[PDB]
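Q:
Numbering (the authors' numbering), first residue to last: 184 to 356.
Below, the structure is given as structure tokens:
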């Protein structure tokens, strides 16, 4: 059960016998496969020990291969379906969703939609008064709020939301 008959996209279990700061190494039973840290999950994994430890037998998917057959690339997120690929069918543009500001910038506010999904609201569509108003005047990190889908880039892995879509119209009293 190794490079012997394995081919990209195949699913095989291996033993994580080594953990580096850029990835890890799995034993396919006579050959080591490099699992890049960024392939341990859909999120931003910082260390492989977070997801898997030495001497553990997990089910990885072959992503790539070395020059001819020798070494291989493994993954630990392709074993499931990424939430962003279906994000378009879950909640496309126009859908109302409740997020929470996790980060604040000078050009907008970042809002986490869910575990692994984080969108961004531009200063232009977060208030009605200005276009470049500081997002701190509108919201703060930790404030749970509602937003509407404006643009999702599943490829660039970045999401766009609108806050004003959940705000009150000034021409009403």
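Ideal Cβ placement from N, Cα and C applies to all residues, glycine included.
Do three or more CB pairs link the stretch 311-331 to the stretch 341-350 at distances below 8 Å?
A: With a cut-off of 8 Å, the stretch 341-350 and the stretch 311-331 count as touching, because enough Cβ pairs lie within range.
Q: Return the Cβ separation of residue 344 and residue 319 in integer angstroms, given the expectation that the two are a contact with Cβ distance under 8 Å.
A: In fact, because the Cβ distance is near 17 Å, the residues do not count as touching under 8 Å.
Q: Should the stretch 195-212 be regarded as contacting the stretch 231-241, the criterion being three or more beta carbon pairs within less than 8 Å?
A: Result yes; three or more Cβ-Cβ pairs closer than 8 Å.
Q: On the CB-based measure, 16 or more other CB atoms within 10 Å of its CB, does residue 249 come out buried or exposed?
A: Exposed: under 16 other Cβ atoms inside 10 Å.
Q: Between the Cα of residue 230 and those of 255, 204, 247 and 252, spot the shortest distance and give me the residue it belongs to.
A: Ranking 255, 204, 247 and 252 by Cα distance to residue 230 puts 204 first.
Q: If you compare alpha carbons, which of 280, 233 and 258 is closest to residue 222?
A: If we check each option's Cα against that of residue 222, 258 comes out closest.
Q: Quick check: residue 284 and residue 322, are their CB atoms within less than 9 Å of each other?
A: Yes, these two residues count as a Cβ contact at 9 Å.
Q: Could you spell out where the alpha helix (DSSP H) holding residue 273 opens and where it closes?
A: Looking at the DSSP string, the run of the alpha helix (DSSP H) that includes residue 273 is 270-273.
Q: Cα separation between residue 185 and residue 237?
A: Whole-angstrom Cα-Cα distance: 19 Å.
Q: With which residues is residue 328 paired in a DSSP beta bridge?
A: 282.
Q: Might you give, ordered along the chain, the residues of its own chain that have their beta carbon closer than 8 Å to the beta carbon of residue 234, omitting 5 neighbours on each side?
A: Closer than 8 Å at Cβ, skipping near neighbours: 223, 224, 228 and 259.
Q: So who's on the other strand from residue 214, going by DSSP bridges?
A: In DSSP, residue 214 forms no bridge with anything.
Q: Just list the beta strand (DSSP E) runs in the stretch 197-244, keeping only unbroken ones of 3 residues or longer that don't cross its boundaries, in chain order.
A: Runs of the beta strand (DSSP E) inside the stretch 197-244: 206-210 and 215-219.
Q: For the beta strand (DSSP E) that contains residue 322, what are its first and last residues?
A: Residue 322 -> no beta strand (DSSP E), and no H or E assigned at all.
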